[PDB]
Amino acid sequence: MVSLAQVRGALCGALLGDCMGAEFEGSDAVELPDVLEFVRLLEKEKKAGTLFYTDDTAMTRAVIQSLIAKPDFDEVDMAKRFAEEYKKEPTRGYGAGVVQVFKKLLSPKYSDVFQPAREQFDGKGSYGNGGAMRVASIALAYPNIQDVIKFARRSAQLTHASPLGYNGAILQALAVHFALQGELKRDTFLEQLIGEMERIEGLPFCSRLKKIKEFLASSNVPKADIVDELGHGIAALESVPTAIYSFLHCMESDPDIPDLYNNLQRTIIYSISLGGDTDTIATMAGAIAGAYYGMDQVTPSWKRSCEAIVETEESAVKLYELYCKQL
């Protein structure tokens, strides 16, 4: 079964990904030398908590507080927490679309908490990665895969009504789910994901998962190819597969990252190096890596730099107890 180290690892990895990623958000300019330089500077900063979190963590904290409060999953409670969190701290770096959902949820006009999301972008719904960026904790709370799928979907559908948005969230939740389940081989991990997403989609996400397989069978794949084929975007389709690739790639040495950085550190460094939506791709790859390698790879020097590290650790313990209760 899942250990405390794994739940702690997942959440801290997600926080690190968000906080460190934020440095480089929306940049066509990022290459690995800058990330390594940034990390060296980070690891000798005298003050703790210099890196502030973004919408990624803010929404993550709301998910977690909903699961703890309503462990059978209460989407009305979760929507309320998203909307109140936004209201309290609107400048955290939210999507331009999703702001309209929060205001609609805060008004007394909607009895149906899914309806604001359905109305997004001319009724097509958002295909953004905001559903996925906050979903890891679903997989940390619910052992059963069928729960992980349905609750990933519903948590996502509060903001992301498009199949790309909510299926992106399911994929990210499944990636954490399967990373939790033993030191599972690379090839087993992927088989599991492709299997599930083929059933769920039918295939955009499956297509990208197959590309990941291809890339992982080659060596020294340029980052240009990864960005071209997988993306580094705010779209779920162009970020969730990318996060998964970053996790899988960094299970082995990358010749450009010193091997004195552990696998989780490597994963975060590599993720950020891909550019674009650096906070979300790194928060997602970091959640998966955290679940896989556990808290042993979340180094004191790194975690101390993050806003809300203590609260995050505390919430990991609470999530672990929820998980244990569900067995």
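Only the largest set of C-alpha atoms that superpose within 1.5 Å between the two forms is called the rigid core. Residues carry their position along the shown sequence, with the first being 1.
Comparing 124-132 with 184-192 in 7 other deposited structures of this protein, after superposition on the rigid core, the stretch with the greater RMS C-alpha deviation is 184-192. Across the superposed structures in 7 other deposited structures of this protein, aligned by the core, the stretch whose Cα atoms lie more distant on average is 25-33, chosen from 25-33 and 291-299. According to the record, the deposited sequence contains no missing residues between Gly123 and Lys124, so the chain is continuous there. Between 128-136 and 242-250, the higher mean Cα B-factor belongs to 242-250. When the mean C-alpha temperature factors of 231-239 and 209-217 are read from the deposited coordinates, 209-217 comes out higher.
If you compare the C-alpha temperature factors of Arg61, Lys44, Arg266, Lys70 in the entry, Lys44 comes out highest.
In this structure the maximum Cα B-factor among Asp279, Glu31, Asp296, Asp55 is found at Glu31.
For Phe151, the recorded CA B-factor ranks within the lowest third of the chain. Only modelled residues enter the ranking. Among all modelled residues in this chain, the alpha-carbon of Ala285 has a temperature factor (C-alpha) in the lowest third. Placement of the Cα temperature factor of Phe189 within the chain: highest third of the modelled residues, per the deposited record.
Per-chain ranking of the deposited C-alpha B factor places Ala173 in the lowest third. Among all modelled residues in this chain, the alpha-carbon of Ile272 has a temperature factor (C-alpha) in the middle third.
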